[PDB]
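Residue numbers (PDB author numbering), protein chains in the order written: chain A, 1 to 443, 456 to 571; chain D, 1 to 443, 456 to 571; chain C, 1 to 443, 456 to 571. For every residue, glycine included, the Cβ atom is placed at its ideal position computed from N, Cα and C. Please read the structure below before turning to the comments.
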Amino acid sequence: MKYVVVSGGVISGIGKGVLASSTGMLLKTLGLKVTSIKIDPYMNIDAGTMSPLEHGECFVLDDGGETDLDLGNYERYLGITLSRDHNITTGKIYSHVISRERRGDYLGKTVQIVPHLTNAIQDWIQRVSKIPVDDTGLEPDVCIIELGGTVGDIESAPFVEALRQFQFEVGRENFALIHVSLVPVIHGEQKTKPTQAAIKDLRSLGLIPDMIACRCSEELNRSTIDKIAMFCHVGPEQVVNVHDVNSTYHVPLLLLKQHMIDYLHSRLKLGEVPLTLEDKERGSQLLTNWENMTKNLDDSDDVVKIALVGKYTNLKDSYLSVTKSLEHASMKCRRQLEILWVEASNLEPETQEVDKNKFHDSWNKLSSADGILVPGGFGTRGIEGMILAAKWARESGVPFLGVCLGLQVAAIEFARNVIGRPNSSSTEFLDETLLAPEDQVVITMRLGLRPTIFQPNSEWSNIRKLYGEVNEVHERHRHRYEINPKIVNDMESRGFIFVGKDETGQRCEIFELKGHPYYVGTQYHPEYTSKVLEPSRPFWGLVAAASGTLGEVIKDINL
Amino acid sequence: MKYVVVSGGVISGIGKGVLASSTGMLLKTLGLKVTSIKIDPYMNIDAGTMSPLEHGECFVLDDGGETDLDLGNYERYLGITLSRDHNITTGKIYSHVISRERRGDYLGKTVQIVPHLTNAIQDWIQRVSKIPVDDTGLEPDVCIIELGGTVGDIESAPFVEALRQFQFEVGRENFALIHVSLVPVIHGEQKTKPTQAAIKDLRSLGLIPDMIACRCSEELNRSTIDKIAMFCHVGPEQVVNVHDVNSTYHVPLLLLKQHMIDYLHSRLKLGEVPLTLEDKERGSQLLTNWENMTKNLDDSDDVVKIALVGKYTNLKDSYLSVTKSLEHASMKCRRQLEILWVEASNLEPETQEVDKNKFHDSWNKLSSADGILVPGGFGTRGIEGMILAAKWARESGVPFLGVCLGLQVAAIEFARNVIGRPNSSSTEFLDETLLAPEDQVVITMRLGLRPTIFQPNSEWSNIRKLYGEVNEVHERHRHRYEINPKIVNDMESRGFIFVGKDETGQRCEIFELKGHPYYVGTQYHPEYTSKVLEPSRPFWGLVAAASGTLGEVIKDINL
Amino acid sequence: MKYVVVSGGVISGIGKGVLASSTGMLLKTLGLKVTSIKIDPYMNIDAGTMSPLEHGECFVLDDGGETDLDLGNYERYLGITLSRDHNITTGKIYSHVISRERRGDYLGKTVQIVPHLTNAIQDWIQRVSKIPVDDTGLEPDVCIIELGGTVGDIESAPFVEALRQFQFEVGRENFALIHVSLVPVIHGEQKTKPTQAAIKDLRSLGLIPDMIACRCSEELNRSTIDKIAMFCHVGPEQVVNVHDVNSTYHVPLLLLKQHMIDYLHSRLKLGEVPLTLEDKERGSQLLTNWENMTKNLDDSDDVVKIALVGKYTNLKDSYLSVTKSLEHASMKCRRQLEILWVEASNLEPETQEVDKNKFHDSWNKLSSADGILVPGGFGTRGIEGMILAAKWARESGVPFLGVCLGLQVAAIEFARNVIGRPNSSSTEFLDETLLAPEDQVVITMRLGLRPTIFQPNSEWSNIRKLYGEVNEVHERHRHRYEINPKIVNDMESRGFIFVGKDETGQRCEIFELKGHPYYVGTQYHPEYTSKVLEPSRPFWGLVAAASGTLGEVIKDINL
Ligand SMILES: Nc1ncnc2c1ncn2[C@@H]1O[C@H](COP(=O)(O)OP(=O)(O)OP(=O)(O)O)[C@@H](O)[C@H]1O
Ligand SMILES: Nc1ncnc2c1ncn2[C@@H]1O[C@H](COP(=O)(O)OP(=O)(O)OP(=O)(O)O)[C@@H](O)[C@H]1O
Ligand SMILES: Nc1ncnc2c1ncn2[C@@H]1O[C@H](COP(=O)(O)OP(=O)(O)OP(=O)(O)O)[C@@H](O)[C@H]1O
Ligand SMILES: O=c1ccn([C@@H]2O[C@H](COP(=O)(O)OP(=O)(O)OP(=O)(O)O)[C@@H](O)[C@H]2O)c(=O)[nH]1
Ligand SMILES: O=c1ccn([C@@H]2O[C@H](COP(=O)(O)OP(=O)(O)OP(=O)(O)O)[C@@H](O)[C@H]2O)c(=O)[nH]1
Ligand SMILES: O=c1ccn([C@@H]2O[C@H](COP(=O)(O)OP(=O)(O)OP(=O)(O)O)[C@@H](O)[C@H]2O)c(=O)[nH]1
Ligand SMILES: [Mg+2]
Ligand SMILES: [Mg+2]
Ligand SMILES: [Mg+2]
Ligand SMILES: [Mg+2]
Ligand SMILES: [Mg+2]
Ligand SMILES: [Mg+2]
């Protein structure tokens, strides 16, 4: 096993997840199998309790693991599948040793943070980095560790001490450290003393970095590079200039231009890992596919506008996987994506009493949209706004996708406005009020990867067509409610066909409305299964419907 | 004596000299006598050997001290005069103890950095902070110490250790520390971990800050202030938000808006220093004069353009005192200054063979200029370009000031083009070549404050008029050459009158050319004597000549 | 050049000079030429101003360099001669860069502690480690650097930073670091946390140690060694157990038993330095001579007692070279030395009025003595006591040596008691009092190595015989006075022959008194020229006179 640790810096939120993902993608272009571990110094066992207002969206795994947003970045860049064990947290590792003590597995010794907890960390990283993450049952060749937080924080102290020991418990040339750092630019001068103080913290903590990755608002001056290469004991070829770029799909081709594969191949002896010529064709076949999609990103010009209708649309990280999944669809259509961020509460008429500026900008955006996404939000407070957005799309012929809550607000709209039961509602919003036309009912989270099976009278639908007309759809779930089965044949009598269901048939999972160009809803989250070179089919269908050429896309899918 | 230390930070060049000068100016608005000390952790005895390419211009004192650029900032903001002892350097203080050892004044003890060198530092700061710096023979009430470099550097280690001890060798409430710090803003988020790591270095080194001054590209968010006030054990009222502003004359009125006098008055018991009501009128009379010049900076609109003709005009700090002296003149004329920065070598015709873009932009600027300054540069390599700039101004009637080298290139121009000896030259450029018409000759630097006396037939001149027609001019010198006295009566026969001289008459120090609107030259540097509320008379005369209203200015000066 | 740095620790005065000297002596037993540098973080230019009450005796070099006591330890263990440049101090190196700045040799850059002062240190260590220190004009093969003070002190900061850089400016395998450390033993348990906190300071400062030398009141337990080898990343074979031993001549044979040559030979590639078989015989010929003198130290039993008569005899380090020179004489006679430490002031009768216990213990010791040394002290306050000790030895036939002041008090005794001028005196004690029989007169220190030449009528003397009857004696001087030449032929008429003089004959340097078994005085210090395997001839003559077998020693010297 080789290890690359991506670490620390002057600030949090600097770019370690981007460089970790680019490094893994780049190493994969030598044919190497790459895995990843996120370490988060936070104490939470997993992200499933904590709200999207900190660290962005909760990411959902095939396991049903509700995990760190960084694991989603590794899944999409590398083409890999991760377990809940691939996210280390302070909570998991302190919990592991405490549960092991009360059972007596330390045989009556005193259990100390060094060695015992720092040995639990190294036992975990070795257990987990050998887990299969590809379509093939090979153990990986490289693990990337993203060390969360900043080096020199109390919460990081056990993890840097475990990595200090891991650098020796595993051999040298099986371990490298990349340190990401900030170069401020002040009055036209690029300042080196923040990055120098960060190299002192690594030395203090007993680690040496093999690369410095410098994050800056400019290209680094070669005099600034020389200075960093004087204070840190590294050559000029070991400071990578990682400036601010408009697109993160370009960052792998920045580091390829900067010899970082060529360095790591000589620092980690990567040419001495056994690989076939088949593995070495697959590597450059991924590289040329990356150069293709990045060329097609730069010379594309024709725009498509998608309204994302939700709450808290100012924290754009609360929709990170949705956003990436709209981008992958856009890149496969070769049209420039603009997301129009629409707060659903501002669509409600009462906003015109509260602040007229917010009311009109929301409807200005929703009218401007070539397609609409209701993204699969959290907490029912915006539903009466999203019901307008679903009504607008159905009354007007505008392309629509409804994810999770986007099944539900669309079925609630269709019930109130096409069946004509005007109070019919989400039980999560009203519960004890006991209305008779319950659209949502509870059937205790239904979590992780499940099979969805198409109902037989459904090959007419665009959504079965986009999935290659394969009999089953396997996708990730994070829901507590269903559509009520008693209202299904009522809705189907009116053309709102539940095109796909759970194998038991009690649970409604995909619809398409008859006759509309594209009015699709999924109870799963199709975001989490999106890959950079293979967009998620419901999002590719929305961006194609919004662009025209939905038929030419369905034709290409059918080969 | 009270002490304010202004210190450290995440980066060098952060703003300590601006905040130190603003703090001293602000405290002076309570009637308090304020002094300053710069500590530079560099080893140089004084700046007189080191070139303007690092740390900007060398500043010249009345003593003839060639000192740090920061001492000039204190002189102009506070209205004070400083000795060469007011700049502490590592060289001076290590030299002081080494010279004292070889003489035996430690009486055969081992001389250690702690206590002995750190006691030399505290003996110096007490010796020097009692020196008179005003027009009155009172000892000061407050000393500002600017601690150069960054806290946590090896070169700073003896000075922070001396200040750690000085906080106790002098009482508490006679000492306060202001720490200047950087808040980066990255993806629209203001980052606190660089300022937290800087508070850990102060605690490690045994100092606590009383203010945090946060330097940022935005106003601080109140949540960012709350966070800094959680990690550092200080109230919200002790983080001052010192954002990037277009003008530094505004920075005192920022800190006045932020209660920093009101805090320091309760932290340093400044109301318990004895002062008269006369002292308390003088304080608010300076404050209202500052509010006047800053109001007159904001509502002024009509521009004046001055060409500054020199070398290395890309390092604008190489002309810092010249620049401030043009600004003070501009503020008293109530016209917005634009400095046009003109590289004199680019004015030479050979530049049109080398790069035509540089040739035309230089002459584009010099033609655009309402006035010209030849600023008093260093090293003769640009003189043939400045001779064109002096010719242009004389042939065309454009207002001119020549400082130091600007006497000399103008007299060299007047000799070559109006007397008609076409090879006549600066002996510093040609020496051993032994031409007969030597314009410069040597008469070993003539340094610091000297008297200049007006020749009798000179009250006609604008330059004697601008000086209030007072018989002597006292100004600062830093020159090795003179104009040749054998060429003086030749030049005076042609109207180039040497309006002022040294008391011996051998040495030529001020000219005015007959008939031209303003063609003045000084061998002294009038920059170093410029004050924010009283501009240097030769620069006020140039900016007035460039604006028109030179007569209305001379009238106001004559009262 | 190879470098070994001996460094730091938990406490000052731990044993670095003993381990540095043992390492150099041991490496010399491979035939390698070894040199040494002491770094002292004190500010003094040289030891010649500072009194023996701190850091022990001032050591005198052939240059006339008054230097650190540690340079004497290297001279005697290694068989080498050192210049005043071999002692680096903070004063010398800050003085060097400050003198170089005022002359302009930094060409107008800003001179910073890093790089410029830390480059002066590395330029010095390379300049000086190539200096010839043997009897042959070869440049050395190895330099030992003793880094004075403790690592993590402010005064050490520039020297550890220079050594951090020197580890890379010179290659790896040309540099090794030995760290000396304390293991306390508390309630029968050997404590490792002080040595762990010292390895953290080295990592913080960017150095890794190749050996840990652990100083302890016991042999280290192998569990304690294992623990130190867990926390520091080093094998068990790299912790050397350097326990408290009664004799320092044993410490080389401790480290030879502990494979420290065998480690350093593989860590520094010492087998790849070119050497002849002649060099490899000389190495083991020194080793077997060390095993001989250490065997002859352990199986010797018969005692000899020497009174050392001086001031401040409680600070035994104030006589370190005298003490070692009595030991080398004792080891060559094969008799166990006891120094009886006699305070000369306590010999004065007035002490019997002040404290009778001190009076009788002094005369109890002086009566017990088989020989007497007056050691060459400092400051005249004890002379009237030493005059009794010189009288006692002359009246009683007890063997005597008088060094520096020990010429002078003996001649003052002989004048007062055998010529019979009872007030005759040391001019340094009385000056302005102007007595006529001045024994001392001034002839401005007479410093360093000088030639002394024997007067012709002197081959009868034991002191000319002990020197091999060679015509000149070359020895080190540190005196300001002489014996008066006007009193010489008076003294010689009475049998007190001045057996040796300066080449000019004005200056009296060696005596022997006729008829007494051994009553010798030298104005030079014979201590500084003493070697472990070749004792200084005047001290070997005293210990032989005290033991009997002075004749058998003179016979062995005469071959
Ligand atoms: N080279 C880059 N150029 C521009 N933006 C970048 C670059 N690298 C990262 N970013 C952006 O910075 C933001 C945060 O980066 P990232 O998520 O990698 O942070 P982090 O330091 O790993 O920690 P956190 O998980 O707390 O955000 C994201 O919006 C990301 O797109
Ligand atoms: N509040 C501020 N807003 C905008 N510019 C500022 C502010 N404070 C300082 N500056 C500018 O920052 C630059 C450097 O500031 P300053 O000279 O005070 O730096 P310093 O940290 O004291 O050290 P140095 O002497 O090395 O420059 C100057 O151009 C100054 O005008
Ligand atoms: N292994 C040892 N066993 C016993 N005594 C020792 C040992 N090593 C050193 N010593 C004694 O310790 C004392 C101080 O040791 P040394 O002179 O080497 O100290 P240091 O740490 O180099 O610093 P300093 O020059 O300030 O004394 C001396 O008396 C010396 O003989
Ligand atoms: O105000 C100042 C700034 C600097 N200095 C002295 O000059 C040196 C200049 O160093 P700075 O700290 O100004 O910069 P740097 O070379 O470390 O690199 P950047 O932060 O710009 O990337 C400092 O280390 C200090 O010795 C002062 O004496 N005063
Ligand atoms: O990538 C990350 C970032 C952060 N964290 C965890 O969340 C915390 C968030 O802290 P950050 O370090 O992200 O910010 P902060 O609150 O210290 O303040 P600013 O720098 O933004 O001013 C960190 O201290 C760490 O515990 C991670 O686990 N991973
Ligand atoms: O009073 C105590 C002592 C120790 N301990 C806990 O037990 C551990 C025992 O560690 P100690 O600090 O007692 O010893 P050590 O193993 O570091 O080595 P020596 O200093 O003896 O050479 C400590 O690190 C701490 O975790 C306590 O909880 N309380
Ligand atoms: Mg935060
Ligand atoms: Mg991340
Ligand atoms: Mg710099
Ligand atoms: Mg400054
Ligand atoms: Mg020593
Ligand atoms: Mg223990």
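Chain C residues whose Cβ lies nearer than 8 Å to that of residue i
i: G91 (chain D); result: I98, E101, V111
i: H233 (chain A); result: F168
i: residue 574 (chain D); result: Absent from the structure is residue 574 (chain D), since the part of chain D shown begins at 1 and ends at 571.
Proximal residues of chain A, C-beta to C-beta of residue i below 7 Å
i: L182 (chain D); result: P184
i: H259 (chain C); result: Result: empty, since nearest Cβ-Cβ is about 23 Å, beyond 7 Å.
i: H179 (chain D); result: Residues of chain A passing the Cβ test: none, with the nearest at roughly 15 Å.
Chain D residues whose Cβ lies nearer than 9 Å to that of residue i
i: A436 (chain A); result: Ordered by position in chain D, no residue passes the 9 Å Cβ test against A436 (chain A), which lies about 47 Å from the chain.
i: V10 (chain A); result: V10, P184, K191, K193, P194, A197
Residue j beta carbon less than 8 Å from that of residue i
i: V142 (chain D); j: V4 (chain D); result: yes
i: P538 (chain C); j: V403 (chain C); result: yes
i: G460 (chain D); j: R492 (chain D); result: no
i: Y531 (chain D); j: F400 (chain D); result: yes
i: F159 (chain D); j: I39 (chain D); result: yes
i: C214 (chain D); j: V251 (chain D); result: no
i: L366 (chain A); j: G533 (chain A); result: no
i: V111 (chain C); j: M43 (chain D); result: yes
Under 7 Å by beta carbon: chain D residues contacting residue i
i: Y319 (chain C); result: Here the premise fails: no neighbours, minimum Cβ distance about 18 Å.
Bridge partners - residue i, DSSP secondary structure assignment
i: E161 (chain A); result: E161 (chain A) pairs with nothing; no bridge assigned.
i: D514 (chain D); result: Answer is none; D514 (chain D) lacks a bridge partner.
i: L337 (chain A); result: A:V304
i: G310 (chain D); result: D:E343
Per-residue contacts from residue i into chain D (C-beta, under 8 Å)
i: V242 (chain A); result: Neighbours of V242 (chain A) on chain D: none; closest Cβ ~13 Å, over 8 Å.
At which residue ranges does the region 81-159 of chain D contain complete beta strand (DSSP E) runs of 3 or more residues, listed in the order of the chain?
-> 87-89, 142-147
Please name the residues in the region 149-169 of chain D whose beta-carbon is closer than 7 Å to at least one beta-carbon of chain C, in chain order.
-> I154, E155, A157, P158, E161
Relative to chain A, which residues along the region 204-224 of chain C have a C-beta separation below 7 Å, given in chain order?
-> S204, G206
For the region 51-73 of chain D, which residues have a CB atom closer than 7 Å to at least one CB atom of chain C, in sequence order?
-> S51, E54, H55
Output, in sequence order along the chain, the residues in the region 5-36 of chain A whose CB is closer than 7 Å to any CB in chain D.
-> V10, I11, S12, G13
Contact set between the region 480-501 of chain A and chain D, restricted to residues whose Cβ is under 8 Å from the partner | none
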